[PDB]
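Breakdown of the fold
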Amino acid sequence: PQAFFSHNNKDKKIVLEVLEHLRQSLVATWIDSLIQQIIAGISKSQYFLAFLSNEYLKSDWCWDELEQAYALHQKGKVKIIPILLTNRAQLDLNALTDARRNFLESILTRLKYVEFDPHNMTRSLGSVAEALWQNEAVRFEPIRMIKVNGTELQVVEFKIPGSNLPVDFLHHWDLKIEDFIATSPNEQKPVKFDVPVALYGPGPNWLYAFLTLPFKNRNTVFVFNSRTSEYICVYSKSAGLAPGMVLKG
Amino acid sequence: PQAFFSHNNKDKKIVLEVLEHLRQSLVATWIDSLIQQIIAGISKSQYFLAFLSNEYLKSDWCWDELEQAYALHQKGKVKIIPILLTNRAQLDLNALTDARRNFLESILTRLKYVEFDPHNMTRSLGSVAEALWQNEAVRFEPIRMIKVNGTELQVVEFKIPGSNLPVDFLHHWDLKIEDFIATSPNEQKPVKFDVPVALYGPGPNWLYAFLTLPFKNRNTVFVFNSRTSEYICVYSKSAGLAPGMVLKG
Amino acid sequence: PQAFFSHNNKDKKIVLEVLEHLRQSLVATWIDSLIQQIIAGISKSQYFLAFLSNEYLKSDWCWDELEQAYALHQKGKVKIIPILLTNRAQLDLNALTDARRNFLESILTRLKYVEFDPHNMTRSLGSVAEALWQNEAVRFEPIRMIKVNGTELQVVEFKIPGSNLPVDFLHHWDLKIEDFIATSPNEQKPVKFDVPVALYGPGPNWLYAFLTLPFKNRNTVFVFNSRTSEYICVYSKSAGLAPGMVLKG
Amino acid sequence: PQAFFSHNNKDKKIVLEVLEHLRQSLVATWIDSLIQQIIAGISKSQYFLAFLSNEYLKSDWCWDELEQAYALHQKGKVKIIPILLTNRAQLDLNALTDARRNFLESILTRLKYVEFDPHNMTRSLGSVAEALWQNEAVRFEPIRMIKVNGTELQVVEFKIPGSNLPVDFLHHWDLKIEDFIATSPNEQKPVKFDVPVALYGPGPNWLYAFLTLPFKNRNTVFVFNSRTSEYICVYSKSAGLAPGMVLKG
Amino acid sequence: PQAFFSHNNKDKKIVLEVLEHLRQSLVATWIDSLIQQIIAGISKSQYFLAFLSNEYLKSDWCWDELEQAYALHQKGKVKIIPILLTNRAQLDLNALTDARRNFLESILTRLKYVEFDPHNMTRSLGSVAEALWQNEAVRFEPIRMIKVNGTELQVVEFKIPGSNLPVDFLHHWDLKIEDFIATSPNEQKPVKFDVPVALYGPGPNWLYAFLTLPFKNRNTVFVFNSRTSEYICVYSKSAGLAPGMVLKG
Amino acid sequence: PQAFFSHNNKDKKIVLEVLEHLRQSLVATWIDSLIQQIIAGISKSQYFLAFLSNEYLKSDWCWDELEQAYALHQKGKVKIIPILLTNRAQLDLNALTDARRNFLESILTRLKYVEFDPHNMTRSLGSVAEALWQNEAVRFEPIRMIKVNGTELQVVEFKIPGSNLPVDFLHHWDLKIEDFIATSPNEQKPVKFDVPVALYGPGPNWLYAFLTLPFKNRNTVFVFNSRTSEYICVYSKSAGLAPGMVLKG
Amino acid sequence: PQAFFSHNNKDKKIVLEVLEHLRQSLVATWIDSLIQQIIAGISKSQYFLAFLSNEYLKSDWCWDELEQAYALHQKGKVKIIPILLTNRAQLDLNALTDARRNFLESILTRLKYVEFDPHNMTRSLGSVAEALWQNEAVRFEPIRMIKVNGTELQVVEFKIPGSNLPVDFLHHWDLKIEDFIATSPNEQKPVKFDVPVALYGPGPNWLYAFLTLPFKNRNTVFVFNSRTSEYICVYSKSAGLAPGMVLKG
RNA sequence: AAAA
RNA sequence: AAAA
RNA sequence: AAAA
RNA sequence: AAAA
RNA sequence: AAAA
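Analysis parameters
- Residues numbered from 1 in each chain as written, not as in the entry; some residues may be left out.
- Chains lettered and ligands numbered in written order.
- Part of a larger assembly, values for the part shown.
- Heavy atoms only, no water.
- Helix = DSSP H or I, 4+ residues; strand = E, 2+ residues; numbered from the N terminus.
- Buried < 20%, exposed > 50% of the residue type's maximum accessible area, 1.4 Å probe, protein only.
- Areas by Shrake-Rupley, 256 points an atom, 1.4 Å probe, with all protein chains shown as cover.
- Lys, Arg positive; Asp, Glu negative; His and termini not counted.
- Charge placed at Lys NZ, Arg CZ, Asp CG, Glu CD.
- Polar contact = N/O pair within 3.5 Å; in protein donor to acceptor, adjacent residues only side chain to side chain.
- Contact = heavy atoms within 4.5 Å.
- Axes fitted to C-alpha atoms, helices over the stretch in contact; angles between N-to-C directions.
- Parallel < 35°, antiparallel > 145°, perpendicular 65-115°, else oblique.
- Left-handed = near helix turned anticlockwise from the far one by under 90°.
- Nonpolar A, V, L, I, M, F, W, Y, C, P; charged D, E, K, R; others polar.
- Pairing = 2+ DSSP bridges.
- Buried area = accessible area lost by both parts, 1.4 Å probe.
- Salt bridge = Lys/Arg side-chain N within 4 Å of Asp/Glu carboxyl O.

**Re the overall build of chain A**
Secondary structure assignment for chain A yields 6 helices and 11 strands. Its C-alpha atoms put chain A at 65 × 40 × 30 Å along the principal axes. Within chain A, the proportion of its 249 residues that are buried is 47%. Roughly 12,900 Å² of accessible area belongs to chain A as shown, and the carbon and sulfur atoms make up 57% of that amount. Where the 27 positive side-chain charges of chain A centre and where its 26 negative ones centre are 4 Å apart.

Set out below in structure tokens:
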């Protein structure tokens, strides 16, 4: 799923680490218009991340985007997730005009908002991630760079809400993965360059085949089997790795 | 009230934000002598801001000015507010001569000093302002650049010690306000050019009359009435503003 | 507020004295058409003074002016205050036509009239003034040339019926105090030229701010503080009058 | 309570001194229409005063005013009290028409009247106040200029008929003290300007607080305590009047 | 009443809440010389707050302050209360010299101290209040905000030691309330800005009048009557409320 | 503004003295066609002074000039001010035919006329100027021969009706000073040759600069400042007249 | 004001650019004797710009010039402003003779001097102008060329120290504008030839007048009015403009 | 009239 | 065979 | 009239 | 009329 | 064959 970030200029510091955190969660991002890019791809387009803040509301340029963002939000192409950088109590509602105020208090109630606090980032980041995935198909936890039995790998863990997926789910998905693979060691990407990749999480056989398949000629692939709770190598794109060696988890 | 700033050029990096914050507090400053300018105006001349530091006391010129400043301070013409850039414990007291040392500790104990800390910026500047307003009449908080109900205005805050003021207090005041009004947008002044000016805080009616009058032909003036706790416009020097419109606060 | 005077040339001896007393009461006066001047300004345009007299009812030009005034009075844009030059008993009703008698009786009975007698100037002038402010907001009193502490002053006394005013009340006031200030000693104006002006009577802070603000560069202003019950100087334009003098009252 | 005075110009000498007497009893008095002023305020609007006299009944304009007042008085919105300038025996009933005589005879019997005699001013004035206050709430007394211990005070003495009030009495109490205070020494008001006021009469604590509160910045306030039967200064406005002095009254 | 705080900066963290709790008790607080500030106002000047701590007893600068504080306490100008941050058993009495030691034990026995602890903070806070209010007049329990019947309000609790007060008690009271009313919502003070205030507690009528009177144009005032036990509105400064409503307990 | 005079030779003795008075008011005059001179310059070209006189009604050549002037007035190019040499009652309307008697009554009733009596010469001149400046912008008063402090000075006084001017006013102001100045002492002009001039009357600074500017190398200029109310010399042209002298007018 | 320059020929590179900026601030300079030129004009002769440098102290012909300037400075004809080309710390005081050295340490201490350094042109040039007008009347900021709405324009910005000027201040003023007007584009002058000049900065009307007259037949004049904050044209010396358009800021 |  |  |  |  |  791709995402759009609308935020005020005073908050570069508090945006990218949210921006980056979503990137390691394999969520496509585009920071910098945003309105015409809404009409792109599938009906499951994207979620508007309105980084609501006191100084954000004093920018009319920021306000008009949120106006058009909600204007086509009702028609169903997008749902807006407004993250309050500050607590709802001390949002300065008096400065806005009555039309602006009534428009703000509308969406804040009938549509669920997420509060953000820089002091406790861990629960703050998770709240946005949970809000992002709340109305979604199979989840995607951030990539963990872990070490097992002396070898290094990055694990891609995905959680399936409920138990079953639609049989034709892959037709409507929008998470082609090959653009998340780093091409150079210095390049920052969710998947490190030439680092072994492991898939974790229970799921159907077609889901697993759909994920490792684009990894050919890119990275060694590891698969986790619950029968013995271990990782299994399927692709050997680097020396010292054989297809089928086992790592004890 | 005017203020004279005595300092050495090594601590230049910190003095401007001290006086810049002080200038928004409707406090006149005079950095660049200071001795002969003491004898000017009313017996409520000024306060001597001696920015005491280890390198400050190492300069013979920086010492003699304080000597004369204290010499006529005993006559009561001026009071000195000592600012310690470095905490008193690590002050290089040994480098001074015995006559120099005995003089320095004399003012330090019998006269209250203000401890300064670059890290705790907000509280430290408040303490300096507090000492300035400690022995003064009605206070003057720094100008807050606020916007309320779609219109942007600069507010003026004043706090009165006790409950009452002398009837002839305006006779002995030295705070003419036409020297704090900006003439051009680029040059800095406590009162921004053409920006609506607001008066807040309880006070006598004659105090209000003395303040709004010099703003004629300069800026739109706003007054706060506690009966409805809202703002009232008295002067309309700009388009789109009518005398008597009410701002919700 | 402005006022339109309807009178016959034999009553010219008395209208100007009424006009002057109304002028000294800070009421704008318009003597010399009047019909099209009615539709100008806001809904609180003026109050029509019908100086009813025996000869006034004998003029065809004077009759039709009243009729159109009443025609617009029904609309509520203007109202007519009938001032009786002679007593109602001795009014020449027989000479008038049947329509004129009925029209005169309709306005004299359904709308309260004012009885005027040359013998009692003080009460008659006050009743004329009282009828002007009965349905009006905060009251104005004639300017008084009063000398206190050996210093000459003029007073602008305003009385508030009900001790409460609308918050946006000034938005609907029709009076520019500048036009009442004389630009020359020979000019006839409610406020004399270079004579200090004093404000008296209870009122909100914003009313005091609005009233004395246009006085800048025109006259020195004084206000009343009921806490100590004496006048205080707030403006220094004349020689020897610093801002802050206190004059007992 | 408000009061509307209906009288003939022959009794003009007597009504104002009756009007002035009721004014000192903190009764709002309106002399100068009267019909459309009935529809204003609360159900306890006012008490119509019919100054019945031989000449008064001889005027058609005055007669129809009483007819309208009684006609809507049967609705209970207002009550009329007849004050007889002449005694009932010598009233000119024969001059009245049969409908007028029956109408006057109807009201004079079913509704209680008050007799007025010029020689007995002291008794007659008390009866007028008693009739207004026989069917009314907490009663006041006319203001007395008394001097205790060399201090001038104006006692506002009040009485409670029954020593029991509704707990929400102040909700419908249409008595605003602000309008009864003098803004100038020459102003005719029940409360004189700058003269300290004194509260007398047993009652609930909150009743006092409602009365003294508007006096802030207006007059020095005194309150009577029955524990020592002595007065207490609670406001310090005039010179030398500290809040807390004791007067043996 | 006023209070002066002398302490060491390692105890600066814990002192403020005691001061902040004390401020809520409508008790004037002065933290930051002090020795010359003792001679001010009436003989009931303040109470000295000696926060005795093991760190405190090692400061020569802090010790000598206690000397003149105790010295003029013998004259009866001020009475000192010692607050022991640590329990008396573990005070480092061995560090002090003999002369300093005999000084400290002397003031500990003949003068009542208070025992303090940070675990049982509530009782510890109450004990300090009791010591201050033991020798004082009618008490003042800290302001509490209670939402009764859907309207927010604050209660000013006052309790009278014994049963009565001197008739001239108001003269020497140093508790003018205006020093405790906030002017802005953000700035902290015992009385919140624009919040309705209520007076609850038995007392004489003049005491009630003296309290609500300074609140005009500041906050809405409520008075408690024990006859039926609700709050009675006397002042109406906020929209939606009128003087006369009742708040059932 | 321009002025075109239409009159008969019988009133030539009085026409030029009215023209001279209007010339002294800085009004441009053209005496001796006029019909084709109407279409010249700007829309606010001039005002037709129709000197209505009985003999003028007997000269058909004068009649036809009025006919087109009315016709061109109807489109708004010019406005006619009819001046009555004789009063309305004695006007010879009977000798005029039906078409002409209907012609004049339309102007006399629908358009305001000016009454002129040679006896009240001063009032007549004022009414002529008053009508001329009634529909105009800032007015120009007659220039007086005033001596102050031993200096001969010609003062130019103006008055702003309403004390407000369009900001772009100078673009459409058809008032050039250069043609009102005298080249030789014997030449008749509103401005005397080589006599120093002054500016008086409140107004914007750009208005003052515009009026004095054409005086370079022409006359010595003075200005009036209301701060001290003394004339200020700004031009050093005549001998002994330095720029900067103070003239106590 | 006037200006005399004292410098050494090695520092020719810097002085003329200091002169160039000072000339742009409308100060006439005289670089190339100087001693006899002091007795010329008024008591406010000029400010002696002593460009102190290491080599300047090494020229005997340059030194005695300073002594005569200083010696006559005691008479108050001129005040000397010393500019330090190099810092005071490494000034070659040892090379100078005892009399010469003592003369230098005299002037350097009792009169304020100016430090100048290459690396910062802007502060160095501003500080020179700052001390240039520290003891002088209304300041004249350097001429700046600003094109507004497509119209090229040069602005002369002047600011008044304090709030008021002496009424006869123009008598002693030494800023004859005609000496700063260019006659040809090629030559350099503070005012560009044929380029319109705009007047900016609050001030009295007469001061505004004093500057515009010397511009007639020379350059187009513009005046900034703060009522609406644009520039108003009063003189038309160039085609395409006639006095009166508005240049919105 | 010291929560009337 | 889209870095085999 | 000391945020009426 | 001291940026009206 | 939905971590076989």
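**Digging into the side chain of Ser25 of chain F**
Residue and element names in this part refer to chain F. Mapped onto the elements, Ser25 comes out in the loop between α1 (12-24) and β2 (28-30). For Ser25, the side chain forms a polar contact with the main-chain oxygen of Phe140, separated by 3.3 Å. Discounting chain neighbours no more than four positions away, the residues touching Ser25 are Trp133, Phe140, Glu141 and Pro142.

**Describing the packing of helix α2 (residues 60-73) of chain G against helix α3 (residues 98-110) of chain G**
All names here are of chain G. The interhelical angle for the contact between α2 and α3, taken along N-to-C directions, is 50°, at an axis separation of 12 Å. Between α2 and α3, the crossing angle belongs to the class labelled oblique. Read as a crossing pair, α2 and α3 show a hand that is left-handed. Touching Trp63, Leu66, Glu67 and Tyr70 of α2 are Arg100, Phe103, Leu104, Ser106, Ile107 and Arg110, all from α3. Here the residues of the contact of α2 with α3 sort into 6 nonpolar, 1 polar and 3 charged.

**Digging into the sheet that holds strand β8 (residues 197-200) of chain A**
Residue and element names in this part refer to chain A. An order of β6-β7-β8-β9-β10-β11 is seen for the 6 strands of this open sheet, with the pairing classed as mixed. What marks the edges here is a single partner per strand, and that holds for β6 (144-148) and β11 (246-248). Across this sheet, the average inter-strand angle for adjacent strands is 35°, counted without regard to direction. Note: strand β9 (residues 221-225) against strand β10 (residues 230-233), 4 bridges, orientation antiparallel. Opposite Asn225, over in β10, you have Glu230 as the bridge partner.

**Thoughts on the interface of chain D and chain E**
The partner chain E presents 33 residues to the 32 residues of chain D that form the contact. For the pair chain D and chain E, the summed buried surface comes to about 2,700 Å²; carbon and sulfur atoms form 65% of the total. Here chain D is connected to chain E by 0 salt bridges. For the pair chain D and chain E, the number of links is 6 residue pairs in polar contact. Here the side of chain D that touches chain E gets 6 residues from one element, more than from any other, and that element is helix α5 (residues 205-212) of chain D. Of the residues that constitute the side of chain D that touches chain E, the class distribution is 20 nonpolar, 9 polar and 3 charged.

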